[PDB]
């Protein structure tokens, strides 16, 4: 079997690996459409995961089931499915506590291109098919469906953790794919004023489409001061961190009102720590709560998000800017994510 893998730190190329076997409760799937992610780039060129030798990359896909284990009861070869990027082991004490994302370990719910070969191969492995897969509606465009697996679930989780009320004012820092879904999520929770922060034109138009009432360019002046001008020195009720450096935490604390909430969905990968400004945090007594976490996965989450798309609660087509046709294009696509052209949001490869 051939697939696109990380040969080592800073090196990637096509390799030959043996096709994975399926256990009694597993399923083997072949990709129909895939999409490169920002995290893939960070593991290869930044060593954000350690040293990996010959590991196939990727964690965002939709495909066809080609083989199932003896105990699989809800799926069979031929089924077209949506695969959530987070596929946890449902039999754990962490699950009994209410935290699927950390089943058997911190972030252990994230398997593809971490401690298991990714989806950028002729075939890939899915653990516990009945608990980690959802059926793909026949009339749903493949491009749009791939956006559910990670972008939609991550951004919407940001709005959920933020505990938004009807009429609350919100600020979203970073307007890339994840940030754009954070804006959409906030509107879908009843937010009044929504302020997006970014600079790339293509992202700015998308931000307004999803619900942004105000746009701020961080390169044109201290972002905190800009927020105060807009709110007449009052601040905002909630803040969502979706992009930028570790210093965005300090900015968030300075703009939120006493009693407000800060929600992080950005994976920080540089430096030794993040800092909380003491005075602005009311010396630790201003009731300014800080939250953050990996997107939830599994079958239920996938089906609920799918239905929202079916009932037109959100239009996912705006996130996809580049579409390719043919297995070999997986290479050209990942390269596109590395160079970050100004006209790019997300790219999908249809096999």
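Residue numbers count along the first chain shown, from 1.
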property	result
214-222 set against 77-85, stretch whose average Cα temperature factor tops the other in the entry	214-222
265-273 set against 176-184, stretch whose average Cα temperature factor tops the other in the entry	265-273
Most elevated Cα B-factor in the entry, residues 303, 315, 40, 26	40
Deposited CA B-factor, highest of 99, 209, 156, 120	120
Residue 289 CA temperature factor, ranked by third within the chain	lowest
Residue 247 - which third its CA temperature factor falls in, relative to the rest of the chain	highest
Third assignment of residue 139 from its chain's C-alpha B-factors	highest
Residue 68 CA temperature factor, ranked by third within the chain	middle
Lowest, middle or highest third - CA B-factor, residue 278	middle
